[PDB]
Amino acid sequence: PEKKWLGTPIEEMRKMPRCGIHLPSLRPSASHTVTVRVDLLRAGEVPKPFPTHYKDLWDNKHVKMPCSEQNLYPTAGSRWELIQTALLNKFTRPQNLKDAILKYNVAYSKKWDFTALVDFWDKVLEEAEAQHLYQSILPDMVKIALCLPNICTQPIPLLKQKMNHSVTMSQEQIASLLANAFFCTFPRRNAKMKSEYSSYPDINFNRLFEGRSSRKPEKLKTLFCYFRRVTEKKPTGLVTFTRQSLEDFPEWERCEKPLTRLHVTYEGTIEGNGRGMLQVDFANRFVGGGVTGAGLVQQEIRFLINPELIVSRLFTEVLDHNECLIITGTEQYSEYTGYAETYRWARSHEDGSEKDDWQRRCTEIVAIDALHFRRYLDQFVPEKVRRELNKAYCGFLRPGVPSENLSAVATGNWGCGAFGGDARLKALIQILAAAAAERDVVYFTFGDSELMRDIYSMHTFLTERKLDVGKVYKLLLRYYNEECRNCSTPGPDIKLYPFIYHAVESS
């Protein structure tokens, strides 16, 4: 029978914290916003905010905070005071939460449906679970939500396109912001015809409450698990959000870098078995995809189980082709089973990972968006091969960091299935990109054992015949020109891997 894994033994791959560089002291710079007191940062203690007291910026370079005094509502009065007054009330029934949220969202009183929240509260939860929800969890969420100005004292810059910039933030700060998103308090993030934020993903959680989909109660469970944890016990770690945008990329056709090591397996998960490795989030260019709406596929799932990722939607503009988002220090709060319609919340997860010197859990996630291919052959066009290579490379490269201090890339079938990607091409693309970035690859095929074998066989062949990135890229070009360009059927008669074997063996 087929084996469970092939290639380099996974324990020989590099992983954090062991492989990590010595971190320099944490400090703010022009490229790094730090919202906590670094001199007061201690293990197991909730970080203190810097500055000591709330400072406001209401402009096109920073998040528009709900607690801003320039956040106004019909005389024009303080919307924050109206938020406070509406949410500092007792909820016994789901309509009470709905009505509270709608007091400072009156324009959406008709357009925001709450059927899934009502159903969740009254049909899915048992009586005692609901009491707990409205007697403990919801008041505790309101509490940290209204402390926003005491917790998030420093303005948060928007990570716009082209910026190479980092925001480091406490998990406690993220909790207060995510509580605010739940209660839908973020201004200028709601309208269809919104201008300033149309290039940003949704942050407010309103669409989690709408419609009759069975996906919603599973999403709400997942999120209330998170809110329960961080209100019962305040998290003490930091998380770093980094936008990375590269203008220059390898000259793929002539790249002389050799292929790196591979571990490929049809069992295991990226988040479970890629511990301490760069974990690829198969993202939407709007990071988190439809996580706060109806989406529940590869683009959303990691944002649910590591819900601190969701906060990135507050300040991360849509990714361009040459961009990615790197998140360090998020915690896994939930386990799940299934996918899409079969997604279900299994149980809470106790993340047991170590922390680095900046008190960030040794978990690194990179969101990179593949293209969607609505015509299958489009992805073999060299220009599209290059686009994916460059996207993956941007996700993997760490300017300034020696390669020996880089963990393996933990990845899988990026943008395949219903998104249109070919698994075997995308595997080879990620292998080539990892080679250029001088990282090893741990590839999870999620049940597909023939694919595990085919990937390994190809990697072994190319490695043994000493084909560098450029030679392999040249074979991709030959495959395009000889089999794809003039192909009048949806797929070509000869496949990619068989073409490569034959071309090398004929040559």
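Residue indices: 1-based, along the sequence shown.
- Coordinates are absent for 4 to 9 residues of the deposited sequence placed between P74 and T75.
- Per-stretch averaging of Cα B factors for 314-322 and 330-338 places 330-338 on top.
- Averaged over their C-alpha atoms, the temperature factors of 194-202 and 118-126 are higher for 118-126.
- Within the selection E172, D369, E383, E350, the deposited Cα B-factor values reach their highest point at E350.
- Taking only the listed residues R93, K426, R387, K160, the entry reports the highest CA temperature factor at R93.
- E210: CA B factor in the highest third of modelled residues in this chain (values from the PDB entry).
- Split the chain's modelled residues into thirds by C-alpha temperature factor. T153 is in the middle one.
- Placement of the Cα temperature factor of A418 within the chain: middle third of the modelled residues, per the deposited record.
- In this PDB entry, the Cα temperature factor of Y456 sits in the bottom third of its chain's modelled residues, the lowest group.
- In this PDB entry, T463 carries a Cα temperature factor that places it within the lowest third of its chain's modelled residues.
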